[PDB]
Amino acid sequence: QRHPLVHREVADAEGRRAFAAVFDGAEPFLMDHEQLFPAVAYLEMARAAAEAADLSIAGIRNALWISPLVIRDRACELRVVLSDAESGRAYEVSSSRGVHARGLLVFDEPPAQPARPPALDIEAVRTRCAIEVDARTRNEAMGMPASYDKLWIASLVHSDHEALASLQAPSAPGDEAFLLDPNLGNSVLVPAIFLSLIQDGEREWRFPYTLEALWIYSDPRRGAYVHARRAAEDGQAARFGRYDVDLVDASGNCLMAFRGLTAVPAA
């Protein structure tokens, strides 16, 4: 099955399966993101690799992002290794430049996915988010790697601890091979990161560091709103805040739920 992020299966041992892809930097997902492999793309790669291995994935738990991968001058191979774990499979994404991401792929069996949240009362959320912003200007000023025009964000409102973004799809569909296209994934994350910044009074962009979970309920391409919101608790010994963010359709149904995301600055 063709996928932009998983090109071939590679040999491994002991109840491990490994997959690889080579990127040259001319891929739209990279070109659209300052040549930096998006955090969200690792999640898609891991899921796609598991799908290639005939596994059925309900979600991802305990995701971590380590070293950034920048691909511009020369092509590079990225490898993802899957190993047996209680949840399903552990994954590690690496290259000759180190480890970039890791986490846990949660299988559909035995059931481990939390019940889909109830439909979001979008109007209620709109009434409690008083501040309207020019998302393009604000986020670009903060150093977001993503090209705003390639994102789905059309509007953004917020309170001191909650945000709601409306979405409009790009006219040209994505590569339909993607379950979560990076542009759409970044659209979901941007409102949460924006919230992290304005809660801390900061202006430097933050990148995903840890994520407690990602649950996939239905096709994210039906997205209409992104609802982000400081989590009930932050990470353990944590300087940086933790956020929950959901992608919902026009009826408020949850398409994807990101639980416990912590984003942090970079050098």
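Start at 1 with the first residue shown and count on from there.
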query	finding
Which of 11-19 and 255-263 has higher mean CA B factor, as the PDB entry lists it	11-19
Between the two ranges 235-243 and 207-215, the one averaging a larger CA B factor in the entry	235-243
Residue selected from 183, 159, 127, 139 by maximal Cα B factor	139
Residue, from 85, 151, 189, 101, that the PDB entry assigns the highest Cα B-factor	85
Third assignment of residue 73 from its chain's C-alpha B-factors	highest
Residue 155 by Cα B-factor - lowest, middle or highest third of the modelled chain	lowest
Third of the chain's Cα B-factor distribution that residue 65 belongs to, per the entry	lowest
Residue 164 - which third its CA temperature factor falls in, relative to the rest of the chain	lowest
Assigned third (lowest, middle, highest) for the C-alpha B factor of residue 80	middle
